[PDB]
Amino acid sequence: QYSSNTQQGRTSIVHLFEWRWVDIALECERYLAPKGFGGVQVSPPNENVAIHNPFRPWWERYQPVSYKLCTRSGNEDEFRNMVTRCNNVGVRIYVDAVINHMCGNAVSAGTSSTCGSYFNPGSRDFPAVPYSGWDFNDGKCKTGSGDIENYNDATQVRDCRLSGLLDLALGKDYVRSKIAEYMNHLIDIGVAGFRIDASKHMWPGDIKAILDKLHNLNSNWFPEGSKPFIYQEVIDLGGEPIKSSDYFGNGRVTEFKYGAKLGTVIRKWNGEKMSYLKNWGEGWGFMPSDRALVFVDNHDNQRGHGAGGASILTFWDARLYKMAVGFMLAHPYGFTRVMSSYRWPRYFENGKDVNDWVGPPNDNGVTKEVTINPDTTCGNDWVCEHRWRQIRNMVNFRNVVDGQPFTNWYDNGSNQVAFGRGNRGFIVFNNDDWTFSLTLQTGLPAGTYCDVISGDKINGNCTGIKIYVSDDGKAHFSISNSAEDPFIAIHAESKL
């Protein structure tokens, strides 16, 4: 469960949050494959409650109605078409598996669902599965409300309803088997693994029992005996009885400390400085690099959900965001996930975004296609961070330097830093309030290199900045503090 199952030489996944299956299929072919992306995390592909108050929020997809592959992203045929087309060009699909719970206990009975299946939260009847009252934790939970009230009690975190979401009885073989049937359906289609939603809300042993039932990956695309890549969503910032390490037996775990701390560093908050990143990784108290699933923001915290945090960087703070993402993709720690978002009309009333619920760009609830602008950006309010030159090119940097050691670190004791990855890549940052101008040892072969942040290598020249590495590996770098992108990155494949 620890190996990504990506193609050799591809090292990141991108979250195409709320994208339609047909758009992802094209994106794999026209962009992700040629640009060297490892894979795509998809939004939950199973039927959910259609919520009209408020109007079709992104979070309705975290309220399952059945395991039918029928959502605003598309139907089963469209989902199958996407997985096949993506695998065929060497780009993997990872499914956001919502398996802790069905929908909210207070949702009205009927057929207000993305495939029109009947369901009755009140009587606990989900006949499309099927589940009944016997399949939920109502009698196991010991809180007065039946909901999670207190994270200091590890038992209720697992047995009670997360924000009222009907809590599946994951200790029952029947429940485990219905979940496994869903996941095996997905695996056999050709899915490479899973983001396990709400893992903290499940016993590690119950997840293990589900995982025991899972097939090996599809033998047309994957070597025999390949196991689904598992990364579990556990928000562990310290101070709670449940630890991310509790989940290491099942696969990787999201490291939410990563983006929280990096955000603070890059904003220069709380006295933090880029020079402190010399021991980034386990040195900062993070989990082992071989288990960490790392990211600057996720779909929750970019809009203040989950642990939130003021320090979280997103596309809304585009300048600092690119630097954070660039740092992450350069550094060997963890397995990297890049966010890809849509814009919503963010509106703050007393420090909180009252539109933090708004779903994907839509016309009357129908998800807008991702249109591709002439400059390769996206239209229809899709942000497409993964198509931003600075991030896209750093995705390739990580590929180029895969497995090379962290070396040749430099810092000015404040916010001007640089480091190399073996003899394959080198990156320089200026986050101070003055110019960085210095000659540095790069660790690279002599030559002319295109800076992949300001531009591209195209048939014998560069469209951005050029760096000249002399015979002894030294190169001069000048980065103004007023620079729109105050960082430079060069690597073996950007050499002329």
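When you see a residue number, it is the position in the sequence shown, counting from 1.
Comparing the deposited coordinates for 235-243 and 319-327, the stretch with the larger average C-alpha B-factor is 235-243.
Relative to one another, 122-130 and 383-391 have unequal mean CA B-factors, and 122-130 is the one with the higher figure. If you compare the C-alpha temperature factors of 193, 351, 251, 332 in the entry, 351 comes out highest. Considering 441, 454, 43, 63 together, the PDB entry gives 441 the largest C-alpha B factor. Among the modelled residues of its chain, residue 420 has a C-alpha B-factor that falls in the middle third, as given in the PDB entry. In this PDB entry, residue 485 carries a Cα temperature factor that places it within the middle third of its chain's modelled residues. Split the chain's modelled residues into thirds by C-alpha temperature factor. Residue 266 is in the middle one. In this PDB entry, residue 474 carries a Cα temperature factor that places it within the highest third of its chain's modelled residues. Residue 201: CA B factor in the middle third of modelled residues in this chain (values from the PDB entry).
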